[PDB]
A.B. asks: 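Quick one: structure below, then a few questions.
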There are 2 protein chains.
Amino acid sequence: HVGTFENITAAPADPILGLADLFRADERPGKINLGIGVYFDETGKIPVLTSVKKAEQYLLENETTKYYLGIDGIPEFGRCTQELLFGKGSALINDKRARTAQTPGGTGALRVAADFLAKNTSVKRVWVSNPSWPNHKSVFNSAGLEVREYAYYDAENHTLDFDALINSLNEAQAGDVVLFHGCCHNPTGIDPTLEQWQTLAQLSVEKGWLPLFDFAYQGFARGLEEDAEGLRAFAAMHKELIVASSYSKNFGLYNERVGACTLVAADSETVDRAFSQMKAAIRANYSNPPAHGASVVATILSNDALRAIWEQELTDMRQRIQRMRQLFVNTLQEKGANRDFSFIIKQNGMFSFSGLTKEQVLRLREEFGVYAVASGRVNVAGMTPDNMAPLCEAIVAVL
Amino acid sequence: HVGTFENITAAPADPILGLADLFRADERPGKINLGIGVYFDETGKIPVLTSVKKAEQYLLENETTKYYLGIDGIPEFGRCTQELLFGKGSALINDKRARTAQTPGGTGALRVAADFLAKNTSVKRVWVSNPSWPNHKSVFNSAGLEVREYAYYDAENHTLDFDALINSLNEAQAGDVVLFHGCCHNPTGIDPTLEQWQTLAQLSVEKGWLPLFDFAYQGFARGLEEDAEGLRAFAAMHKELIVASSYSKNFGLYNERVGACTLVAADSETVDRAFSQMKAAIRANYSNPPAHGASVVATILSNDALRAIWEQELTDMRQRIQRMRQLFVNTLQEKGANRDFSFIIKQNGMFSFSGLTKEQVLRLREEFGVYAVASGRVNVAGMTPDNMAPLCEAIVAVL
Ligand SMILES: *Cc1c(COP(=O)(O)O)cnc(C)c1O
Ligand SMILES: *Cc1c(COP(=O)(O)O)cnc(C)c1O
């Protein structure tokens, strides 16, 4: 009998995680990693936060069981997540209109929402920005949903093309899902202004879209509360919305897989009915979520002293990135770039669209050992005072 | 516009996890939990193994980063898993015919296999024992696979109905998946003998089935090596197979979600091609797996001292369950049961199929505070010297 696996064709590499694999294999001592979106400190390490180490020490000495969590995970994790998203006294919370499931990462939260929608509703289509995180298409396609692209980035002026965005989204019908990044747009670093958010919120209700927010970077743009303003403007207006959030980056907890999928409906009875189906989709996927990372997050947010430490550590990460954006721009001019790179200062979060071509990015890797994503997305949080000079000399050499 | 969530139908409660919720809500003193398949110790607690605490201490002191694992997880975890399943000197390992992905629990391994098969092969149908773990059907159905049932249990003789099993698999075609429990069948506790496994292995290769093994209880029947004899009979004869394994129960690591999906193909080049697509299916689901639980397992399995502790702790658990089996039978007799429950002593693992009707299980819950799954499955590992007599009086009362 001819084997079931004989005719399988190999998958292409992941544009982000395959780049990381090349980086590990590169033998050259001076290689620079500006690929995957993780935070590096000044010394070029990816450290464990001090708030996290303290919480893990508490867990080690006080955990008495590894008994299964419920399908939706740790209750306090869910409540603390809703408060971070919608605010201490939100009406969504007091009206019991939101339910949260702890998930394995923000990716897990996106797939759970996708599965939930495809199996329980009439949704067929998800609208994603052009460009976006590459894995968005793969998540939604694997759940059986069609993916459509709306306009976003103006590459000539390095800005949000708000007119193009609104014209492209006039083709999105009622009952379609539209995906927004909450803040720190991946890959462009360009977010809407509050006014623009408010314009989209009203347009969204008028046209009957189902908004889905991907919130992987809360706290890296301006602050925990400030970064949620766009989401809260939507939440004041809509009867239904979905939030897939991640704690991978703002807690430095990447490999423990800590995220949430939050469901909002018109009233408490509807959201409970809908959440029963979300729990079924989870049970048929990974059954119930991993405890260690979520327990760390809930321990930190629940304890005023740890939370104080964590917010300061997050502030330090946000400010180190802003210092590198400035240093990057200044050093490019010193190293002989005659192009204006000022737009990089106006971008938020870890990433900037460098403007480099695929051929230039390929040269940076092969000839200079500098690793960026083929779209020209560069991880500013991968820049340090020590690698800035070689990094900028390499960029000027390929311009 | 009308709400997207309004036409949603509520999902029923999970037959196992809903029971556990009912048990938590019950305020009657003396209630007894014989539902979900976790190990309880002699005091009715669900403890953390000593080997696990020691391993977690080492991780706390020595971890310097939470940087993302690769899509397929910790490499040493995969190699140690293959040795456990196939034996230290297996030809499968020497010929590099197997690849292992670390997954979030045994459920996550099953789902990853289902998504991989549905998208990359012409597999359309999965055959599962009747009865089986109720979540099997949900997992494969979530990928759009048809699930059929084969005969398994002789409810009259409390034995494997091997003749009916053979006859009911007559219509399973070449390229169909046939699912086998590796040991400690859930829910019946009845496993094939070695000769029966050898007969099934021959039949499987003649009919061209793709075998898929669900190994959630390795070490709870007779021992770690003995419990894998049936898998290893299949492995000696098949070019291709899939193994979904769990460390939830044999490490008491339930809520850390530690499992593995192992792919076996004819040769190294084929399994690597196939495994590239299994990685693509993981990336579109939860991206990469949770580190803490698998790090514990890998640390214990890699260190001779910790491993000898763990193997003794697993022996202790296995032996406690076997003593409860014998105590359960003796105490039913002392409390006046006329039905013969001797078959309980012949069954393996945590569960016995008691033979109680749905009506009798409901009476036990409502009238006596005794919680079993509605199929009559009772968790013997939830019985203690302290709750044995009240439990047995309750059962006798409903017979
Ligand atoms: C990192 C990221 C994710 C995935 O988060 P994980 O917690 O690693 O699964 C999802 N969306 C965006 C935009 C991201 O940047
Ligand atoms: C417990 C169990 C599973 C699920 O294992 P997890 O690691 O908890 O996801 C799968 N199959 C069987 C037969 C089980 O008993």
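Quick note: numbers below take in every heavy atom, side chains included, and nothing from hydrogens, waters or symmetry partners. Here is the naming used below: chain letters follow the sequence lines, and residue numbers restart at 1 for every chain. As the structure lists them, so they are numbered: ligands from 1, and atoms in each ligand from 1.
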A.B. asks: Which of parallel (below 30°), tilted (30 to 60°) and perpendicular (above 60°) describes B:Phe213 and B:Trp197?
C.D. replies: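 The rings of B:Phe213 and B:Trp197 sit tilted, inter-plane angle from 30° to 60°.
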
A.B. asks: Does the plane of the ring in B:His136 sit parallel, tilted or perpendicular to the ring in B:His181? Use 30° and 60° as the thresholds.
C.D. replies: perpendicular

A.B. asks: For A:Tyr153 and A:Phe353, take the angle between the two ring planes, folded into 0 to 90°, and tell me which bin it lands in: parallel under 30, tilted 30 to 60, perpendicular over 60.
C.D. replies: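 Perpendicular: the ring planes of A:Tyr153 and A:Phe353 meet at over 60°.
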
A.B. asks: Donor-acceptor pair, B:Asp227 side chain versus B:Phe220 backbone, under 3.5 Å?
C.D. replies: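 Between the backbone of B:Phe220 and the side chain of B:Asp227 there is a qualifying donor-acceptor contact (under 3.5 Å).
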
A.B. asks: As a test of reading the model: which residues have a non-hydrogen atom less than 4.0 Å away from ligand 1?
C.D. replies: A:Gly105, A:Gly106, A:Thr107, A:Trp133, A:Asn186, A:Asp214, A:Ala216, A:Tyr217, A:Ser246, A:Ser248, A:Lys249, A:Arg257, B:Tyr68

A.B. asks: If we ignore angles and hydrogens, is there a donor and acceptor under 3.5 Å between the side chains of A:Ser354 and A:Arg377?
C.D. replies: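 No donor-acceptor contact under 3.5 Å links the two side chains.
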
A.B. asks: Are any side-chain N or O atoms of B:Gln102 and backbone N or O atoms of B:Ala294, one a donor and one an acceptor, separated by less than 3.5 Å?
C.D. replies: no

